[PDB]
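What the coordinates show
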Amino acid sequence: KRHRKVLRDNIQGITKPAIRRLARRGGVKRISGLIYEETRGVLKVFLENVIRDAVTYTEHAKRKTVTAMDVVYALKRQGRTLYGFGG
Amino acid sequence: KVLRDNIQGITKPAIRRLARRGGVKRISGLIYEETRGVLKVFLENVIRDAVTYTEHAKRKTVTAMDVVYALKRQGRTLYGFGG
Amino acid sequence: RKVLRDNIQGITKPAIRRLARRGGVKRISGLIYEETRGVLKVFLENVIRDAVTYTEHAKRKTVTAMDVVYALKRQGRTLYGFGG
Amino acid sequence: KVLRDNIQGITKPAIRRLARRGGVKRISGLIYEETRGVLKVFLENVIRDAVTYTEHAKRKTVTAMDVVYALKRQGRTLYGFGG
Amino acid sequence: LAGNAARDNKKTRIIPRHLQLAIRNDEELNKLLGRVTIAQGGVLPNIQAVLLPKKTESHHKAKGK
Amino acid sequence: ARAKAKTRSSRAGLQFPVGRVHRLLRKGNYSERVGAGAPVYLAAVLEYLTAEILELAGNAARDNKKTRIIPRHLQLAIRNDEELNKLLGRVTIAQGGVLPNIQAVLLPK
Amino acid sequence: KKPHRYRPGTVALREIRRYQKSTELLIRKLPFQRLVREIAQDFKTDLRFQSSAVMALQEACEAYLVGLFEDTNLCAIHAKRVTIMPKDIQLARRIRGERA
Amino acid sequence: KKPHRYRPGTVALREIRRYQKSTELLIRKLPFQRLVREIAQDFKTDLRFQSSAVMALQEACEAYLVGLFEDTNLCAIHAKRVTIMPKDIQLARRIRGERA
Amino acid sequence: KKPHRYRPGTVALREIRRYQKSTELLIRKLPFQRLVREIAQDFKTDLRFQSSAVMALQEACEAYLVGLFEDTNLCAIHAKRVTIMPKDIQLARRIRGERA
Amino acid sequence: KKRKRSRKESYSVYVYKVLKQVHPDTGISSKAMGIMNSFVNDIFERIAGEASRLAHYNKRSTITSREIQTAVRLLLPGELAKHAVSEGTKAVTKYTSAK
């Protein structure tokens, strides 16, 4: 059957120039080599936690779609109040 | 391929028959879950060792010889199947 | 009779040194004591202001351990033992 | 020497101090005799292994290297004394 | 966990020191009660490996006579 | 001419005798042939293990506070590190004690 | 001077000054959507992500990464260095109270 | 002739051990009470405090100072140093978010 | 009035603490040397031992006895008891594989 | 005085250098140095024996970086094995880039 799903080509999804541009926008001039792997790991852990919280909220709301309102609620429960997207 | 109907694969009568063959007359309730967990951990370790051996041998099939080698490396020499 | 100037120096240098040793510091510099006293004074000022606001809201004139614990929990430091 | 005053060499306070260092608070009465017997059997086995190693090495003195080799062959790797 | 820490410290009753020992020992308890400070208790000797007596003299000293 | 001859440790960036490792692999009757990258790999693994064990030993030393690393500190570090305890399971460190890892029954009421 | 030799460390200044005055998304949406889907596949399957949740997720991730990089740079300047190091990210995350 | 003095490093570590293996207090009681009374005098006049209140305040202050000293010592260890510094305290308060 | 004499178990626990917080030995040296000499006399006559050899033997014996006592104490704790027994030692040696 | 002797082998200098690199103003004792040397020798012998057994089972005769990596992955647990494999691969890449 015609089948193609997602693989481990996901941690490498955050390209090195993207992380470098993020570090430049932050305030870093020179970025080391092992910084990209640690940044990808930290971002993956944070995304895992936020997605688990959103999945718990969606299962409590008896739904099957993660909404921006649930994402904002999870971010506020973690300790990061985000504005703009939602209300 | 259900990730949930494998720990329950070792049926309760099977574990009870194993305990009877060993030397146990009365088996408690939470014994089956602990036995399934221990068996799963042991199988995970043995299968990881066999996968490492197969990857070192540049093959894609786990053989009885590799299983016997892994069991002997762990500390359980098995006879009969192999040589 | 009390000296408002003899209060920042109330936290003696051996006391701050013993606190740094209990924390995990072996050698303490010279200007560490003044900065520690200033930070402690600012924190105590904030906590005492919160307790005074709570007491004025409760129509009382005595700061209680319950109000102190409530202010510490509102700031972000949940303390156990003294209170409940 | 040639004396049965050897099994009693491991004094009762010594075995009690060993049990306290291990994690035992109260030691029974017949524990000392069993501990002395087990220690004697273990020492007999280790000394027999060391004697075999010394006879194979064409020597008459038991060395710490031979003791460490025998302990490693039995299944107890000891560090410090030797290398 | 408090009884575990108590037998690790050996005392007749459960004390806030034993409670803090148990909280810092249990990773789940430390993750749950992160901003919780137990009064009448000390900390745990969880230290790194740099500030150690080990200078190996290394010349350093000057006039010894 | 021979020009120069840099050491194997300097060309590999490690601090382990790659030449002695190769000599031990050749004279140890392990195999008839010894590869080129195998001694460097073994030296790097041994150096990393030694560095990690020394770091854990310093941790246990500052936990016990003494001027030098002692077998007691080494046993403290081995029993503290779960990976080290799983690796060196049947290893007994002489001139050292155990850790106060006790249950919760034998207690004075 | 000459258009075949650039002085390193000088173009990064212009790049920082040009990127600090813009509010566009640095991370691409396609590699991030697949990441979010692959992560959510482990918790529960048959999930449909909205078009507004991924944008907020990417914005929060970008803000957190910018803050972490700023903290790492502030920690690296302290040790008389000038560039960052993985030994600084761990210290910053431990002081911030995230790794505990 | 020699009355025997002292020096740091080793005796400092023994003091760290004595203070970590104990549960007693370090900051005095009446000086802290006078300090908090002088602070409360700037808000409302004729104010009284409680023994349990000042005890909890002293305990919280001791814990906060211990945490700040631990963070400063970690910052000094990372910065290839073996002593704390006011710049290290400032950086720790900046990272922790206590600058404002 | 109150029992001036110390209660049992408590001094035993203080001895456990003294022996666990120390690194000295417990088994004597010359008695152990005479024991190993008497044992070696049953194999080959006119045999000599080494100081480091008997020291390593005593250390290994102490460690093995400590482990056996720990196992016996765990068996006694599991069996709703607070003391070791020869049957517990036999069961420990049977499970560990030193008997049958 | 006499007709010479024979010198033994150890890794005291290497252990001291590793300790000085991983920690400043550091030191070690004779007992700890002997224990570290014995541990290094035991791990070396175990890895060599595992590599020889793997080469004999694979019907080969050349123990290479692949055999050493397999022996390390089989001996060491998880995170330690991964870090050792990464360090070995980095050392192999450095040796291939510069000899």
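An account of the accompanying structure is given in this report.

**Structural notes on the overall build of chain C**
Of the regular secondary structure elements, chain C holds three helices and one strand. Counting helices and strands in the order they occur from the N terminus, chain C gives α-α-α-β. For chain C, the C-alpha radius of gyration of 16 Å lies well beyond 12 Å, the compact-globule estimate for 84 residues. With the C-alpha coordinates of chain C rotated into their principal frame, the extents come out at 45 × 35 × 15 Å. Expressed as a percentage of its 84 residues, the buried residues of chain C come to 45%. The long-range share in chain C, meaning contacts at least 24 apart out of those at least 6 apart in sequence, stands at 41%.

**Details of the packing of helix α2 (residues 30-57) of chain J against helix α3 (residues 65-75) of chain J**
When two helices pack together, their arrangement is captured by the angle between the axes and the distance separating the axes. All names here are of chain J. Running from N to C, α2 and α3 point in directions that differ by 120°, and their axes come no closer than 9 Å. When the axes of α2 and α3 are compared, the crossing they make is right-handed. Taken together, the residues of α3 that come into contact with α2 (itself represented by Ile-43, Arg-46, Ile-47, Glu-50, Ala-51 and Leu-54) are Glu-67, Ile-68, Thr-70, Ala-71, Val-72, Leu-74 and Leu-75. Among the residues forming the contact of α2 with α3, the class breakdown is nine nonpolar, one polar and three charged.

**Re helix α1 (residues 12-22) of chain D**
All buried positions along α1(D) are accounted for by D:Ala14, D:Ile15, D:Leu18, D:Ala19, D:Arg20, D:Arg21 and D:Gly22. Against α2 (31-56) of chain D together with α1 (10-20) and α3 (51-78) of chain I lie the buried residues of α1(D).

**Some thoughts on a nonpolar patch on the surface**
Residues and elements named next belong to chain B. Where nonpolar side chains cluster on the molecular surface, the patch consists of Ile-10, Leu-39, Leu-43, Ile-47, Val-51 and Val-62 and spans about 470 Å² of accessible area. Position of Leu-43 relative to the elements: it lies in helix α2 (residues 31-56). Look at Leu-43 and you get partly exposed, because its relative accessible area is 43%.

**Structural notes on the interface of chain D and chain I**
Taken together, the contact between chain D and chain I spans 45 residues of the former and 54 residues of the latter. Buried area between chain D and chain I, both sides added, is near 4900 Å², and the carbon and sulfur share of it is 72%. It is D:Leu18, D:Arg20 and D:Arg21 in chain D that bury the most area against chain I; as a group they hold 15% of the surface buried on that side. At the surface where chain D touches chain I, the tally comes to three salt bridges. Between I:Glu15 and D:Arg20 there is a salt bridge; the shortest N-O distance is 2.5 Å.

Cut-offs used in this document
Residues numbered from 1 in each chain as written, not as in the entry; some residues may be left out. Chains lettered and ligands numbered in written order. Part of a larger assembly, values for the part shown. Heavy atoms only, no water. Helix = DSSP H or I, 4+ residues; strand = E, 2+ residues; numbered from the N terminus. Rg over C-alpha atoms; globule rule 2.2 N^0.38 Å. Buried < 20%, exposed > 50% of the residue type's maximum accessible area, 1.4 Å probe, protein only. Contact = heavy atoms within 4.5 Å. Axes fitted to C-alpha atoms, helices over the stretch in contact; angles between N-to-C directions. Left-handed = near helix turned anticlockwise from the far one by under 90°. Nonpolar A, V, L, I, M, F, W, Y, C, P; charged D, E, K, R; others polar. Patch = residues over 30% accessible without salt bridge, like charges linked within 9 Å, V, L, I, M, F, W, Y side chains within 5 Å. Areas by Shrake-Rupley, 256 points an atom, 1.4 Å probe, with all protein chains shown as cover. Salt bridge = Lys/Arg side-chain N within 4 Å of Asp/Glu carboxyl O. Buried area = accessible area lost by both parts, 1.4 Å probe.

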